[PDB]
Amino acid sequence: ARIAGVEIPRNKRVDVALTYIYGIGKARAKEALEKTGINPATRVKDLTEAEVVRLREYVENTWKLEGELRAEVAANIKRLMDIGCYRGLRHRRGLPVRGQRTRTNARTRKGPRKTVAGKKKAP
Amino acid sequence: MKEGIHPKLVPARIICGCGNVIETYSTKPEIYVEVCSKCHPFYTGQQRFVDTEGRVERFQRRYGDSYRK
Amino acid sequence: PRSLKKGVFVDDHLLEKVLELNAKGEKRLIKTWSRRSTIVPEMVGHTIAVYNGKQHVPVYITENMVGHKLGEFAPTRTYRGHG
Amino acid sequence: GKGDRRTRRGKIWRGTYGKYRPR
Amino acid sequence: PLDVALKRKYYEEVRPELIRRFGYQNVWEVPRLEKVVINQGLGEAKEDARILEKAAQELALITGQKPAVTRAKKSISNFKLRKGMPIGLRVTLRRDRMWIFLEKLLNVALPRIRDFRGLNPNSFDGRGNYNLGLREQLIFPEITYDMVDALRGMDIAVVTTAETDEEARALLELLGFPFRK
RNA sequence: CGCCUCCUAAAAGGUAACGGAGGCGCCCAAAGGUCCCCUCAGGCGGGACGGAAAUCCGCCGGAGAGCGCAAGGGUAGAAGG
RNA sequence: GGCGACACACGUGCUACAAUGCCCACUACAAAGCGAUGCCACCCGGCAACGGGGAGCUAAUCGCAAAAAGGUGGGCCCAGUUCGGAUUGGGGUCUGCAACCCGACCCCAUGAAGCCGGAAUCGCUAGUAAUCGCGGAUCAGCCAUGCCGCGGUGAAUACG
Ligand SMILES: [Mg+2]
Ligand SMILES: [Mg+2]
Ligand SMILES: [Mg+2]
Ligand SMILES: [Mg+2]
Ligand SMILES: [Mg+2]
Ligand SMILES: [Mg+2]
Ligand SMILES: [Mg+2]
Ligand SMILES: [Mg+2]
Ligand SMILES: [Mg+2]
Ligand SMILES: [Mg+2]
Ligand SMILES: [Mg+2]
Ligand SMILES: [Mg+2]
Ligand SMILES: [Mg+2]
Ligand SMILES: [Mg+2]
Ligand SMILES: [Mg+2]
Ligand SMILES: [Mg+2]
Ligand SMILES: [Mg+2]
Ligand SMILES: [Mg+2]
Ligand SMILES: [Mg+2]
Ligand SMILES: [Mg+2]
Ligand SMILES: [Mg+2]
Ligand SMILES: [Mg+2]
Ligand SMILES: [Mg+2]
Ligand SMILES: [Mg+2]
Ligand SMILES: [Mg+2]
Ligand SMILES: [Mg+2]
Ligand SMILES: [Mg+2]
Ligand SMILES: [Mg+2]
Ligand SMILES: [Mg+2]
Ligand SMILES: [Mg+2]
Ligand SMILES: [Mg+2]
Ligand SMILES: [Mg+2]
Ligand SMILES: [Zn+2]
């Protein structure tokens with residue numbers, strides 16, 4: 001487990017590799033490398049352990065990441081449910097939270113179609 | 001101990017990123033580690049990292065008491 | 001969300017009901033049609049009856065729910081499910 | 001892609017500007 | 001025998017403190033480590049890859065001690081288990097090799113644990129022994145991502161001469177066991 | 001319809017009925033000889049995946065486990081591993 | 001308050017599954033329209049949505065304005081990826097009396113299904129189809145991927 005808790009992929013560039021960490025999008029990648037002064041274009045295989053620890057030390061202390069971030073995200077959702085606002089209610093039943101229609105679609109939140117019998121027609 | 005089946009434990013030095021150095025015994029002579037006891041947030045004081053937040057919310061919100069009196 | 005350049009919004013006609021209460025010694029049930037009002041630190045410990053479109057829903061207010069609107073705690077539709 | 005707001009092409013599609021598409 | 005940092009710490013730092021905390025009248029009354037027992041519950045190797053010498057060799061790397069196999073005591077239909085199948089590895093660490101393993105465990109292994117925030121204060125035997133379970137074996141310094149086929153976890157038994165939970169806790173705490181509460 | 005086990009069977013043995021209940025017509029090159037070593041089931045507590053039950057640790061636990069297959073007898077001071 | 005519901009089912013579409021592609025920088029070539037509590041040059045603050053300033057134009061003059069695919073340079077190297085951009089956490093902006101139900105944006109983080117789609121079925125005969133961007137009407141704002149239009153690039157095939 002190199003950094004933060006994860007092993008970022010060798011043979012790809014640092015700026016891309018950092019993104020594989022939960023909590024680092026491409027934007028935080030560019031800024032971290034700038035702030036610690038490492039080339040964004042250097043393959044992970046080709047970093048001095050000096051570069052490794054410098055990049056490592058920065059990233060973990062600057063932002064909350066991986067598990068801790070997930071936990072903090074979890075506490076937020078948990079809070080909404082417990083109070084419990086309409087937003088919290090939506091998380092209970094696993095419906096969309098941001099005002100999307102549910103007559104159709106919503107498959108990402110609702111999941112696979114549970115097909116059901118319809119209404120029969122006359123003969 | 002039984003001959004032939006066990007791996008030799010030798011004097012070994014484990015090195016952390018925080019510059020910590022540990023004198024111990026291992027199957028490997030030298031080992032480099034990302035973290036150790038000496039620098040791990042839970043171990044070191046209470047080095048609360050990025051999260052001082054607790055948590056904050058909700059009525060640290062303030063900003064302000066502007067709605068009139 | 002509402003631009004913070006502008007002020008945090010409450011209807012005032014509901015806030016004054018609360019503030020008059022704070023003086024005389026609370027509480028009293030408060031009937032309101034202001035779902036659109038923000039929950040405000042002076043409202044904690046009260047119970048405000050938000051009207052969902054059909055009924056006045058009693059809502060007790062605590063610190064953990066300060067930043068929200070009152071209507072957020074009085075859902076407008078009833079579901080239960082299908083079949 | 002056009003549905004990616006976090007890109008030039010995406011901001012063009014939505015007809016808006018920002019960090020990812022400046023004016 | 002040899003000098004190991006954690007062992008010395010037990011004799012000069014931990015032993016006097018324990019007498020202070022509990023007031024033993026006999027030099028043997030005071031808590032000791034008896035043995036540390038490590039177990040890879042396995043059985044993922046019951047039928048498929050019917051032999052995982054890989055787990056043994058990698059366990060051998062960490063402890064310096066080659067584990068012995070444990071075989072099923074009875075056949076169990078639901079676990080797809082025939083009596084006598086090789087379904088575990090166990091190694092018993094005593095004396096120096098116990099100290100050395102505990103030393104690296106406290107110094108580097110536990111810190112490597114994912115989202116680690118201390119051990120469980122409640123995992124005490126009731127009879128003054130302790131157990132903890134690991135889910136990854138790469139947590140140990142002499143095991144790396146490159147050398148591993150699949151993640152294997154383990155069970156660790158630390159056995160003390162202490163009669164009670166209270167005495168054993170102080171020992172493990174004084175030795176450097178980090179507890180969440 | 002021959003053979004094994006229990007009861008009937010009246011505290012030696014034996015004892016009948018189209019009396020009450022089961023089992024056998026095999027098996028094992030180790031499941032045989034000997035030497036050496038080892039001790040169960042179960043219960044509570046502890047432990048990643050792991051469950052009522054896999055493997056690990058501790059305490060209690062004289063035999064209630066096991067001994068290829070019915071039943072009975074025997075049996076860990078072993079016939080069990 | 002609801003018309004915005006959601007175990008489900010259908011139509012019409014949008015965005016894709018990638019290298020004849022994706023990205024960043026740099027550099028070109030349209031047309032038709034719209035515009036006085038309107039379009040807003042340019043300056044500065046903000047990573048930014050925007051905000052404060054602040055000229056010009058009652059407009060073949062001033063502005064919306066950059067057209068985009070393209071062209072040039074470099075990066076990515078076949079990966080559920082620098083493909084895809086749904087979903088969700090957080091923080092902001094603007095219109096508006098007011099964005100809880102139920103607005104559009106911007107930013108950090110998240111990065112789902114999807115590897116070209118069963119039976120079946122649609123459109124188009126040339127500046128057409130495909131593909132690329134632009135404008136308007138409605139309109140405070142906007143759920144427009146809709147509609148009506150405008151140009152850019154530009155095929156394949158018709159035996160019968
Ligand atoms: Mg990331
Ligand atoms: Mg809806
Ligand atoms: Mg030795
Ligand atoms: Mg007040
Ligand atoms: Mg993208
Ligand atoms: Mg003493
Ligand atoms: Mg306990
Ligand atoms: Mg003990
Ligand atoms: Mg390691
Ligand atoms: Mg008799
Ligand atoms: Mg006789
Ligand atoms: Mg036999
Ligand atoms: Mg023998
Ligand atoms: Mg148990
Ligand atoms: Mg497993
Ligand atoms: Mg028995
Ligand atoms: Mg039988
Ligand atoms: Mg309608
Ligand atoms: Mg559409
Ligand atoms: Mg208009
Ligand atoms: Mg994926
Ligand atoms: Mg998939
Ligand atoms: Mg991606
Ligand atoms: Mg949000
Ligand atoms: Mg709204
Ligand atoms: Mg492919
Ligand atoms: Mg395609
Ligand atoms: Mg025709
Ligand atoms: Mg396209
Ligand atoms: Mg348009
Ligand atoms: Mg409009
Ligand atoms: Mg919408
Ligand atoms: Zn360290």
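In what follows, every heavy atom counts, from backbone to side chain, and hydrogens, waters and symmetry copies are set aside. Letters A, B, ... mirror the listed sequences (proteins, then strands); counts begin at 1.
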Query raised in the report: Across all strands shown, which nucleotide pairs with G118(G) by Watson-Crick or G-U wobble geometry, both distances under 3.5 Å?
Result: none
Query raised in the report: Between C8(G) and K114(A), is there an OP1 or OP2 to side-chain N/O distance shorter than 4.0 Å?
Result: yes
**Report entry** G96(G) and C134(G) base-paired, Watson-Crick or G-U, both contacts under 3.5 Å
**Finding:** no
**Report entry** Side-chain-base donor-acceptor pair under 3.5 Å for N129(E) and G58(F)
**Finding:** no
**Report entry** Salt bridge flag under 4.0 Å for residues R152(E) and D149(E)
**Finding:** yes
Query raised in the report: Within the structure shown, what part of the strands sits under 4.0 Å from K78(A) by heavy-atom distance: base, sugar-phosphate, or nothing?
Result: nothing
Query raised in the report: Between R94(E) and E34(E), is the closest basic N to carboxylate O distance under 4.0 Å?
Result: no
**Report entry** Rounded distance in Å - CH2 (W33(C)) to P (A98(G))
**Finding:** 22 Å
Report task. Both distances under 3.5 Å, Watson-Crick or G-U wobble: report the partner of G85(G), or none. Result -> none
Query - Contact under 4.0 Å: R107(A) side-chain N or O vs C8(G) OP1/OP2 - result: yes
Query raised in the report: Do the bases of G123(G) and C34(G) pair up, Watson-Crick or G-U wobble style, with both gaps under 3.5 Å?
Result: no
Query raised in the report: OP1, OP2 of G89(G) versus side-chain N and O of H91(A): anything below 4.0 Å?
Result: yes
Query raised in the report: Does the distance from a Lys or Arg side-chain N to an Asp or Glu carboxylate O, for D11(C) and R36(C), drop under 4.0 Å?
Result: yes
Requested in this report: For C49(F) and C37(F), measure between their P atoms and round to the nearest Å.
Outcome: 40 Å
**Report entry** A16(G) and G84(G), which share atom name P, separated by this distance in whole Å
**Finding:** 7 Å
Query raised in the report: If we take the P atom in both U125(G) and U81(G), what is their distance in whole Å?
Result: 42 Å
Query - Contact under 4.0 Å: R9(D) side-chain N or O vs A69(G) OP1/OP2 - result: yes
Query raised in the report: Has the side chain of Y17(D) got a donor or acceptor that lies under 3.5 Å from a partner of the other kind on the base of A66(G)?
Result: yes
Report task. Tell me what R101(A) touches on the nucleic acid: a base, only sugar-phosphate, or nothing, going by heavy atoms under 4.0 Å. Result -> sugar-phosphate
Report task. For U138(G) and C143(G), measure between their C1' atoms and round to the nearest Å. Result -> 15 Å
Report task. Ignoring backbone atoms, establish whether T16(D) has a side-chain N or O less than 4.0 Å from OP1 or OP2 of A49(G). Result -> no
Query raised in the report: Any side-chain N or O of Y20(A) under 4.0 Å from OP1/OP2 of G111(G)?
Result: no
Query raised in the report: Are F179(E) and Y130(E) near enough that their ring centres are under 6.0 Å apart?
Result: yes
Report task. Give one of base, sugar-phosphate or nothing for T102(A), where a contact means two heavy atoms less than 4.0 Å apart. Result -> base
Requested in this report: Tell me whether the OP1 or OP2 atom of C107(G) has a side-chain N or O from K11(D) closer than 4.0 Å.
Outcome: yes
Requested in this report: Considering just the side-chain nitrogens and oxygens of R77(C), establish if one lies under 4.0 Å of OP1 or OP2 belonging to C101(G).
Outcome: no
Query raised in the report: Counting just side-chain N and O atoms, does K69(C) come under 4.0 Å of either OP1 or OP2 of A98(G)?
Result: no
Query raised in the report: Does a nitrogen or oxygen in the side chain of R71(E) sit under 4.0 Å from OP1 or OP2 of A54(F)?
Result: no
Report task. Respond yes when some side-chain nitrogen or oxygen of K6(C) is under 4.0 Å from OP1 or OP2 of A98(G), and no when none is. Result -> yes
Requested in this report: Pick the P atom in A99(G) and in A104(G), then give their distance to the nearest Å.
Outcome: 15 Å
Requested in this report: State whether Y20(D) and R5(D) meet the cation-pi test: NZ (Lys) or CZ (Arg) under 6.0 Å from the six-membered ring centroid, and within 45° of the perpendicular axis.
Outcome: no
Query - Pair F42(B) and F49(B), ring centroids less than 6.0 Å apart - result: no
Report task. In whole angstrom, give me the gap between the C1' atoms of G2(F) and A12(F). Result -> 29 Å
**Report entry** Presence of salt bridge, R35(C) and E72(C), under 4.0 angstrom
**Finding:** no
Query raised in the report: Rounded to whole angstrom units, what separation is found between the CG atom of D15(A) and the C1' atom of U82(G)?
Result: 9 Å
Report task. Report the base-pairing partner of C29(G) (Watson-Crick or G-U wobble, both distances below 3.5 angstrom), or none. Result -> none
Report task. Hey, which sits more toward the 5' end of RNA chain F by its nearest nucleotide, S123(E) or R127(E)? Result -> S123(E)
Query raised in the report: Just checking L95(A): base, sugar-phosphate only, or nothing, at a heavy-atom cut-off of under 4.0 Å?
Result: sugar-phosphate
Report task. Determine which nucleotide pairs with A21(F), using a 3.5 Å limit on both distances of a Watson-Crick or G-U wobble pair. Result -> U5(F)
Query raised in the report: For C47(G), what is the paired nucleotide under Watson-Crick or G-U wobble rules, both distances under 3.5 Å?
Result: none
